[PDB]
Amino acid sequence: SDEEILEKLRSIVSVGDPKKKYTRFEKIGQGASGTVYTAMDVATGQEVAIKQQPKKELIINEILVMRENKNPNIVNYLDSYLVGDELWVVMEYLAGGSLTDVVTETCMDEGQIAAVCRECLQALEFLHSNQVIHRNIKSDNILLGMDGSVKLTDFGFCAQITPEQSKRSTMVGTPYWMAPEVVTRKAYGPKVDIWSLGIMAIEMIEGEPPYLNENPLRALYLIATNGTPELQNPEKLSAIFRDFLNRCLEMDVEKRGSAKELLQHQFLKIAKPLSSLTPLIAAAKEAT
């Protein structure tokens, strides 16, 4: 019965030698599982990012889900290899870095924040319409292009739902960003991603998710009891922004906005061009 799951992901990986297609191999990061490098396509002259035991079932889920859900607001999966003993997942390279650096080292005005939310909601609307829940939306899993491109990544925790089983009840995600209905093991749908988006907006405002100074469990408890979080300074924000936040962070899932609904919110109408994010990127790179 197992681990014939290991032979399953051997079917997925492509045929050939990795070294023969991508030169200019250079490392640019590492984070628990696993580590990230860089390279160029000898064929097309394209720069690419290469990620490099436990529970490899996730890495399968990540490959498959990424392959069948191409979107301009998703970090594009390319090829896969395994000629060694670690995964050779190749994806498009965004040099601007993660949104985390930006939210914790810079100040974003509402026009910048709206632009980010709109790009993310676009990815969410696409994924949800394909019955996929990301379940781990956070600034850490938002990568930025040097041109201000905003793309979604990390799909190991994705949940493929079906008309027969459109809900889950497993506590997956990262505590500070997890919807109350996920924390309290209740039946939940795609709008949990919308909750995590809201939390990420709080990131973009206050620098970090609510209860971050608390321990993960304490945070988990607080989310389960407090429900919808409070801004430290709600009055700093426009009325239309506060509204968008309220409809992202609604306790009533039915009263909470869908991606498609939220893409029509008046708040996104004050979104700046994506080029406006490049100064935020340069700022984050500095002080680092």
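The numbering used is simple: start at 1 and walk along the sequence shown.
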| property | result |
| --- | --- |
| Unmodelled stretch of the deposited sequence separating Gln30 from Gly31, binned as none, 1 to 3, 4 to 9 or 10 or more | none |
| Mean Cα B-factor comparison, 103 to 111 or 211 to 219, giving the higher one as deposited | 211 to 219 |
| Between 174 to 182 and 161 to 169 (mean CA B-factor, as deposited), the higher | 161 to 169 |
| Selection from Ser196, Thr153, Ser80, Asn130 [criterion: highest C-alpha temperature factor in the record] | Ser80 |
| Entry-reported Cα temperature factor of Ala201, expressed as the chain third it lands in | lowest |
| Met146, C-alpha B-factor rank within chain (lowest, middle or highest third) | middle |
| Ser11 CA temperature factor, ranked by third within the chain | highest |
| Chain-relative CA temperature factor third for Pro279 | lowest |
| Entry-reported Cα temperature factor of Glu92, expressed as the chain third it lands in | middle |
